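S.K.: Read in order, the letters of the sequence shown are residues 7 to 229 in mature numbering (1 follows the signal peptide of the UniProt record, and there is no 0). After the structure tokens below, expect a handful of questions from me.
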Amino acid sequence: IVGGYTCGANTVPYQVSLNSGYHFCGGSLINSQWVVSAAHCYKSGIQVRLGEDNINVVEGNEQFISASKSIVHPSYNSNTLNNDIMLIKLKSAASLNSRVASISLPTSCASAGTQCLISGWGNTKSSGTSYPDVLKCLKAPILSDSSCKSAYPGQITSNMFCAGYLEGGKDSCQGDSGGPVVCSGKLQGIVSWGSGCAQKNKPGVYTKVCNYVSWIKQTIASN
Ligand SMILES: [Ca+2]
């Protein structure tokens with residue numbers, strides 16, 4: 007996250023870290039056994055880390071649970087990042103408490119202008135490299151589809167939305183991939199892509215979760 011703030015320990019209790027020997031992506035806990043992330047974050051051998059604030063220090067609230075299965079969206083296109091969504095099932099159920107809690111799926115798509123909370127452990131610079139150890143947060147509005155399509159001509163599908171600041175300076179970034187965009191207390195987006203981070207006229211692009219609710223519900227009911 008570039009230009010954000012320190013969330014504070016366990017104020018984003020649905021945020022997870024995906025670990026393959028190192029943190030590589032975020033995700034969101036949607037119930038005690040399932041996490042949503044980006045398909046572009048797929049790898050074999052994922053450990054899900056819940057209740058994290060400082061990813062480099064054990065502070066005592068964490069739960070580390072291996073993934074049993076990963077399910078990439080059946081229409082994911084790695085070239086265009088269309089349908090950039092994946093489900094991860096945990097080998098055992100998380101213990102839900104005040105520090106580890108699930109986030110609701112949307113029944114409805116969020117509106118342009120809605121302020122959303124984006125979080126993660128990604129890069130904090132638009133130029134250069136500085137990774138934080140503690141969870142960062144950013145509030146950012148959803149942009150109109152026309153401003154989104156203007157920013158990324160020919161690249162925005164109906165399964166994507168833009169959120170951020172056209173002036174630049176504030177954005178998600180590498181390492182935040184997979185993480186939540188929460189608006190009005192529901193998971194509305196997944197950190198997906200953008201051109202650089204925090205660049206002028208290049209806002210963040212997010213998977214539009216409301217288009218996937220039927221697939222998520224069907225998949226969890228059968229796996
Ligand atoms: Ca920790």
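All C-beta atoms, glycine included, are put in the ideal place defined by N, C-alpha and C.
Counting pairs of Cβ atoms below 8 Å between the stretch 199-218 and the stretch 59-77, do you hit three or more?
M.R.: The stretch 199-218, when compared against the stretch 59-77, does not touch it at the 8 Å Cβ threshold.
S.K.: If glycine 134 sits next to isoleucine 7, beta carbons under 8 Å apart, how far is it from one beta carbon to the other, in whole angstroms?
M.R.: Counting from 1 along the sequence shown, the entry for residue 134 is found at position 128. Counting from 1 along the sequence shown, the entry for residue 7 is found at position 1. Between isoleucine 7 and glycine 134 the Cβ distance is about 15 Å, and since that is not below 8 Å, they are no contact.
S.K.: At what residue ranges does the stretch 138-224 contain a whole run of the beta strand (DSSP E), taking only runs of 3 or more?
M.R.: Counting whole runs of 3 or more residues, the stretch 138-224 contains the beta strand (DSSP E) stretches 142-147, 166-169, 186-189, 192-199, 210-214.
S.K.: Expressed to the nearest angstrom, what Euclidean distance is found between the alpha-carbon atoms of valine 215 and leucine 172?
M.R.: By 1-based counting over the sequence shown, the position of residue 215 is 209. By 1-based counting over the sequence shown, the position of residue 172 is 166. Taking the straight line joining both Cα atoms gives about 22 Å.
S.K.: What does DSSP give as the partner residue(s) for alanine 73 in the beta ladder?
M.R.: Here residue 73 is taken as the residue at index 67 of the sequence shown, counted from 1. Answer by DSSP bridge pairing, in chain order: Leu96.
S.K.: Which term fits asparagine 62, buried or exposed, when burial requires 16 or more other beta carbons within 10 angstroms of its beta carbon?
M.R.: Reading the sequence shown from its first residue, position 56 is the one you call residue 62. Exposed, because fewer than 16 other Cβ atoms sit within 10 Å of the Cβ of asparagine 62.
S.K.: Measuring alpha carbon to alpha carbon, tell me which of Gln53, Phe30, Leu149, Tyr48 ends up nearest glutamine 39.
M.R.: Taking the sequence shown and counting its residues from 1, the one referred to as residue 39 is at position 33. Nearest of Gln53, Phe30, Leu149, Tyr48 to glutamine 39, Cα basis: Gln53.
S.K.: Determine the DSSP secondary structure at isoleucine 124, reduced to helix, strand or coil.
M.R.: Within the sequence shown, residue 124 is the residue found at index 118, counting from 1. Three-state result, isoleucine 124: strand.
S.K.: Three or more beta-carbon pairs under 8 Å between the stretch 162-171 and the stretch 92-106, yes or no?
M.R.: No: fewer than three Cβ pairs fall under 8 Å.
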